[PDB]
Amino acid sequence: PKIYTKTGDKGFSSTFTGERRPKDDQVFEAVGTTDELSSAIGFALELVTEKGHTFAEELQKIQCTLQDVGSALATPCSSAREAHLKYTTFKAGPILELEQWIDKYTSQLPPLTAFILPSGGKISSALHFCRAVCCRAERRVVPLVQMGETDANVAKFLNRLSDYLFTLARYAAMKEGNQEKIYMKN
């Protein structure tokens, strides 16, 4: 069977529960923005792997969890059978692991005091962009959690992930020798 089924050609698509919705539904905005984040991370990962940083494995693990995020988002509670809710439950384990990684890098960084510019070299800049896309994904998940469609832990993970990406960007810039850019109005 060809990759193009054409069943999505008139603007509808399927969730994991089998429910079909218009493609501009909040579910597909959330699934799609999570995929956009994972794709941005995938490009940043290519810059890590080539430039000799060592945290590539952490970003790959995050992409795996982002697939679990996408699967949970694609399983709205309002149309989920018993057997589907195995995919709606998003366990909190990965959130705790992000906190442990944030702690690990924070020990090696200078104190964060003021706002910094998104900068610090190619990899740090890419990770700041990933961070911004992650914040956008969070904004897309918030209404689904408010409507009872999605486990609150999905949004908690994305909230914590933007802190991880911020911290990893600062870590990468420090390892490259690039000092943080601080600007204050006036």
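Just count from 1 along the sequence shown to find any residue number.
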{"item": "Selected stretch [higher average CA B-factor]: 71-79 or 104-112", "value": "104-112"}
{"item": "5-13 set against 173-181, stretch whose average Cα temperature factor tops the other in the entry", "value": "173-181"}
{"item": "Identity of residue with top Cα B-factor, from 140, 156, 61, 53", "value": "53"}
{"item": "For residue 32, the third of its chain into which the C-alpha B factor falls", "value": "lowest"}
{"item": "Chain-wide C-alpha B factor ranking for residue 44, given as lowest, middle or highest third", "value": "middle"}
{"item": "Modelled-residue ranking by C-alpha temperature factor, third containing residue 119", "value": "highest"}
